[PDB]
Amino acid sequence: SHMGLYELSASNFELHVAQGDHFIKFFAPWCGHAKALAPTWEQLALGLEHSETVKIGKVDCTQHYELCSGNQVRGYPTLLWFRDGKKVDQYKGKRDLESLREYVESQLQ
């Protein structure tokens, strides 16, 4: 990771998400909604950078579009929870740091 934020690719995604809990931002750099989230997502990863039980990731859908499409990502940013290899949630709520952190807490219980 880079200060807690894992860059995921078609080459490493399956290995990465196979065990544990994961919160992953599927994004495109050209999309304003996605770009606006980037600093907050970095803060989220930073606060969790030493944790094993949750890992914060991102997938650039301009580089790995088939991985995005294969996970039914239809627009950016799409924020997905994976647990032990399986997509288990999509987070559609407010994208401030506190809301994201409280969601993470909810999902790790």
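Note that residue numbering follows the sequence shown and begins at 1.
Q: Test of understanding: from the entry's C-alpha B-factors, which stretch has the higher mean, 100-108 or 2-10?
A: Mean B over CA atoms: larger for 100-108.
Q: Could you settle it for me: does 55-63 or 27-35 have the higher average Cα B factor in the PDB entry?
A: Stretch with the greater average CA B-factor: 27-35.
Q: C-alpha B factor of residue 77, ranked within the chain: lowest, middle or highest third?
A: According to the entry, residue 77 has a C-alpha B-factor in the chain's lowest third.
Q: By its CA B factor, does residue 86 count among the lowest, middle or highest third of the modelled residues in the chain?
A: According to the entry, residue 86 has a C-alpha B-factor in the chain's highest third.
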